[PDB]
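Engineer: Quick one: this structure, given as structure tokens, is what I'll be asking you about.
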Amino acid sequence: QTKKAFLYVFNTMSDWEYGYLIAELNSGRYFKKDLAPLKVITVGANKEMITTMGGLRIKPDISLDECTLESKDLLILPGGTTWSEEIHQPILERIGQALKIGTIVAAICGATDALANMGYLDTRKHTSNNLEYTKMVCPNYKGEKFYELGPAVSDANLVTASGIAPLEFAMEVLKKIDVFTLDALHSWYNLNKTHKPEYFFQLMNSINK
Amino acid sequence: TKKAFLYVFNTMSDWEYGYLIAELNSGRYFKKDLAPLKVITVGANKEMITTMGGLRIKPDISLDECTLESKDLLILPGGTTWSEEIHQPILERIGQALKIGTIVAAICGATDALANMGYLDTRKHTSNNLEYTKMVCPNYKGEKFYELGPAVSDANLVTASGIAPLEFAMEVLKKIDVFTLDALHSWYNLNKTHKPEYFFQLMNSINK
């Protein structure tokens, strides 16, 4: 049972990529019965305010130092335009250890390429925005065999996704950490994807059970 | 020269504005003559707010520092807090903003706040659900102008259900005219559909 949820926050983070996931987690509104919200703690490279791609100035809760990643914690890595920059190297090292103790790591979009370049997708099923671009941009990536079309893929305690697939991303994380029942996750997914109202009535009657 | 504002407040629903504010603030798929349309965050006061997702955001400006002009954009996200009094000031200013010709863009619960000030009485609009809007908005009399949407653009007002951030983004983006029509259809179908060929076509038409 997952006890903490971390979102890594950095200048340029892509807003559309984590919004569904973090809102459902932090509110707990559609969690199954007797399950309290999974509070999302924002973690920065340091305590400096960051500005999203959308321009939102955010105050990190804690700094990477202050943060402990533990078996079954959740760590969200959003896309952004800055992931090769070397400001991210310390978290990228820690991610290696996190993955070992069994912390669920959820990477979307360019975060997927950060991981691909550290060797970590070499023997896990994964997706990314584009295989050809990931190979060009990631010299130490040897996971081509393990690569799938996705747009979201789940393997043990790693979820990767394309940047265009935030609902699918959110759905797979939500499912991995077992926070909704399977009825509520399907109807939630279908309502958001399809906008058909049968799914709103499904979802209201599946939640909290 | 025109500006973009986002109303930030406690409870605001992260997924609802996220595509919109990134596209605008980055300017990345804009026609090549257009600079990014920077998204200024406007709070009720200048205090830090927490999003539904837990993000602690520092408003750029207070509502009193904000001047809304013709063809400016105000984005009003959804949240769980809209009947609270904190918001009556913005809700009064939404009235003259619509009069002056500012583009007002309301999603989710923000739709029901505008319904209960009567701004949606005689203007095509949508919301999350008309029966909830009916129940929860005692002085709303717009049912005849209500459509299923899930996004509706009427003159300078865009409204959507919270369930449709892509359709919302798309309509706002269209209204302010910042993408080619082709780039916007492609961005949209890219996001809805996930077919990669839409990204190639988007990239091929940003300056069509």
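Each chain of the structure tokens is named A, B, ... in the order shown, its residues numbered from 1; ligands are numbered from 1 in display order.
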Would you list which chain B residues are within 7 Å of chain A using only C-alpha atoms, as a PyMOL selection string?

Structural biologist: chain B and resi 13-15+18-19+21-22+25-26+39+52-58+163+191+194

Engineer: Could those selected residues go to a file with C-alpha atoms, as a PDB file, in the first residue's frame?

Structural biologist:
ATOM      1  CA  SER B  13      -8.521  21.678 -10.845  1.00  0.00           C
ATOM      2  CA  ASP B  14      -5.083  21.093 -12.353  1.00  0.00           C
ATOM      3  CA  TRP B  15      -6.061  19.150 -15.442  1.00  0.00           C
ATOM      4  CA  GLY B  18      -3.095  22.699 -18.150  1.00  0.00           C
ATOM      5  CA  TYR B  19      -3.063  22.243 -21.884  1.00  0.00           C
ATOM      6  CA  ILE B  21      -1.738  27.664 -20.195  1.00  0.00           C
ATOM      7  CA  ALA B  22       1.281  25.638 -21.627  1.00  0.00           C
ATOM      8  CA  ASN B  25       2.757  30.660 -22.260  1.00  0.00           C
ATOM      9  CA  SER B  26       5.309  28.818 -24.375  1.00  0.00           C
ATOM     10  CA  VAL B  39      -0.133  33.685 -18.650  1.00  0.00           C
ATOM     11  CA  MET B  52      -6.551  20.232  -6.002  1.00  0.00           C
ATOM     12  CA  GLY B  53      -3.323  18.424  -6.813  1.00  0.00           C
ATOM     13  CA  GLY B  54      -1.444  20.106  -3.985  1.00  0.00           C
ATOM     14  CA  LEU B  55       0.653  22.596  -5.899  1.00  0.00           C
ATOM     15  CA  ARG B  56       1.450  25.765  -3.945  1.00  0.00           C
ATOM     16  CA  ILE B  57       1.161  28.627  -6.365  1.00  0.00           C
ATOM     17  CA  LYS B  58       2.183  32.237  -5.765  1.00  0.00           C
ATOM     18  CA  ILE B 163     -14.134  16.471 -18.381  1.00  0.00           C
ATOM     19  CA  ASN B 191      -4.050  14.973 -28.423  1.00  0.00           C
ATOM     20  CA  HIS B 194      -2.554   9.860 -30.281  1.00  0.00           C
TER      21      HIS B 194
END

Engineer: From region 81-193 of chain B, collect each residue whose DSSP state is strand (DSSP E or B) and return the set as a list in words.

Structural biologist: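 Of region 81-193 of chain B, the ones in strand (DSSP E or B) are residues 103, 104, 105, 106, 107, 125, 146, 151, 152, 153, 154, 157, 158, 159 and 160 of chain B.
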
Engineer: Quick one: pick out all helix (DSSP H, G or I) residues within region 96-194 of chain B from a backbone DSSP run and write them as number ranges by chain.

Structural biologist: B: 96-100, 109-116, 130-136, 143-145, 165-176, 181-193

Engineer: Quick one, how far is CA of residue 208 (chain A) from CA of residue 4 (chain A)?

Structural biologist: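 Going from CA of residue 208 (chain A) over to CA of residue 4 (chain A), I get 20.3 Å.
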
Engineer: Which polymer residues have any atom within 12 Å of an atom of residue 134 (chain B), counting only C-alpha atoms, with same-chain residues fewer than 3 positions away left out, as a list in words?

Structural biologist: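 Once the nearby chain positions are removed, what remains is residues 111, 112, 113, 115, 116, 121, 126, 127, 128, 129, 130, 131, 137, 138, 139, 140, 141, 142, 143, 144 and 146 of chain B.
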
Engineer: Just checking: using only C-alpha atoms, which residue out of A:186, A:176, A:32, A:145 ends up closest to residue 131 (chain A)?

Structural biologist: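 The shortest atom-to-atom distance to residue 131 (chain A) comes from A:145.
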
Engineer: Quick one, how far is CA of residue 177 (chain B) from CA of residue 12 (chain B)?

Structural biologist: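 According to the coordinates, CA of residue 177 (chain B) and CA of residue 12 (chain B) are separated by 26.1 Å.
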
Engineer: Env of residue 97 (chain A): 12 Å cut, atoms = only C-alpha atoms, seq-sep filter 6 positions within chain, self excluded. Answer as a ChimeraX atom specification.

Structural biologist: /A:68-71,90-91,103-105,120

Engineer: Taking N, CA and C atoms for each residue, export the selection above as a PDB file, in the first residue's frame.

Structural biologist:
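Everything below was put into part25.pdb:
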ATOM      1  N   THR A  68      12.946  11.115   1.116  1.00  0.00           N
ATOM      2  CA  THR A  68      13.298   9.694   1.218  1.00  0.00           C
ATOM      3  C   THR A  68      12.352   8.902   0.336  1.00  0.00           C
ATOM      4  N   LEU A  69      12.917   8.061  -0.534  1.00  0.00           N
ATOM      5  CA  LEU A  69      12.123   7.231  -1.432  1.00  0.00           C
ATOM      6  C   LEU A  69      12.195   5.823  -0.890  1.00  0.00           C
ATOM      7  N   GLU A  70      11.043   5.180  -0.773  1.00  0.00           N
ATOM      8  CA  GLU A  70      10.893   3.941  -0.011  1.00  0.00           C
ATOM      9  C   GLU A  70      10.055   2.986  -0.832  1.00  0.00           C
ATOM     10  N   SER A  71      10.084   1.699  -0.462  1.00  0.00           N
ATOM     11  CA  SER A  71       9.438   0.692  -1.265  1.00  0.00           C
ATOM     12  C   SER A  71       8.024   1.179  -1.308  1.00  0.00           C
ATOM     13  N   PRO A  90      21.416  14.772  -9.862  1.00  0.00           N
ATOM     14  CA  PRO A  90      21.230  14.147  -8.564  1.00  0.00           C
ATOM     15  C   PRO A  90      19.917  13.315  -8.435  1.00  0.00           C
ATOM     16  N   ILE A  91      18.759  13.843  -8.849  1.00  0.00           N
ATOM     17  CA  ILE A  91      17.540  13.023  -8.799  1.00  0.00           C
ATOM     18  C   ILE A  91      17.646  11.809  -9.689  1.00  0.00           C
ATOM     19  N   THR A 103      10.375   1.657  -5.108  1.00  0.00           N
ATOM     20  CA  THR A 103       9.504   2.821  -5.226  1.00  0.00           C
ATOM     21  C   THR A 103       8.938   2.858  -6.648  1.00  0.00           C
ATOM     22  N   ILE A 104       7.613   3.066  -6.775  1.00  0.00           N
ATOM     23  CA  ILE A 104       6.931   3.159  -8.086  1.00  0.00           C
ATOM     24  C   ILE A 104       7.396   4.489  -8.717  1.00  0.00           C
ATOM     25  N   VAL A 105       8.042   4.418  -9.875  1.00  0.00           N
ATOM     26  CA  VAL A 105       8.419   5.648 -10.593  1.00  0.00           C
ATOM     27  C   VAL A 105       7.624   5.784 -11.880  1.00  0.00           C
ATOM     28  N   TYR A 120      18.261   2.832 -17.390  1.00  0.00           N
ATOM     29  CA  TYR A 120      17.207   2.179 -16.561  1.00  0.00           C
ATOM     30  C   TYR A 120      16.086   1.522 -17.364  1.00  0.00           C
TER      31      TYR A 120
END

Engineer: Neighbouring residues of residue 189 (chain B) were defined as those with any atom within 12 Å, considering only C-alpha atoms; residues of the same chain fewer than 6 positions away were excluded. Please report them as an NGL selection string.

Structural biologist: (:A and (164)) or (:B and (166-167 or 170 or 182-183 or 195-202))

Engineer: Selection from above, C-alpha atoms, as a PDB file, in the first residue's frame, can you write it?

Structural biologist:
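Below is the file again-v8.pdb, written as the result:
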ATOM      1  CA  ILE A 164       0.264  13.301 -25.414  1.00  0.00           C
TER       2      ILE A 164
ATOM      3  CA  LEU B 166      -8.771  19.609 -24.806  1.00  0.00           C
ATOM      4  CA  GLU B 167     -11.979  20.893 -26.399  1.00  0.00           C
ATOM      5  CA  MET B 170      -9.007  24.233 -28.588  1.00  0.00           C
ATOM      6  CA  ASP B 182      -4.755  23.614 -39.647  1.00  0.00           C
ATOM      7  CA  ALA B 183      -2.149  23.569 -36.830  1.00  0.00           C
ATOM      8  CA  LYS B 195      -1.878   9.131 -33.965  1.00  0.00           C
ATOM      9  CA  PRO B 196       1.760  10.373 -34.613  1.00  0.00           C
ATOM     10  CA  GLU B 197       1.009  11.531 -38.166  1.00  0.00           C
ATOM     11  CA  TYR B 198      -0.988  14.414 -36.643  1.00  0.00           C
ATOM     12  CA  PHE B 199       2.264  15.628 -35.041  1.00  0.00           C
ATOM     13  CA  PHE B 200       4.004  15.646 -38.409  1.00  0.00           C
ATOM     14  CA  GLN B 201       1.104  17.525 -39.930  1.00  0.00           C
ATOM     15  CA  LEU B 202       1.003  19.954 -36.999  1.00  0.00           C
TER      16      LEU B 202
END

Engineer: Counting only C-alpha atoms, which of A:147, A:189, A:169, A:31 gets nearest to residue 78 (chain A)?

Structural biologist: A:169

Engineer: CA of residue 93 (chain A) to CA of residue 47 (chain A): how many Å, to one decimal?

Structural biologist: 18.9 Å

Engineer: Rank nothing, just name the residue among A:199, A:180, A:141, A:8 nearest to residue 114 (chain A), using only C-alpha atoms.

Structural biologist: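 Going through A:199, A:180, A:141, A:8 one by one, the smallest distance to residue 114 (chain A) is for A:141.
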
Engineer: Extract, using only C-alpha atoms, all DNA, RNA and protein residues at most 8 Å from residue 3 (chain B), discarding same-chain residues fewer than 5 positions from it, and format them as a list in words.

Structural biologist: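 What passes the distance filter is residues 37, 38, 39, 40, 72 and 73 of chain B.
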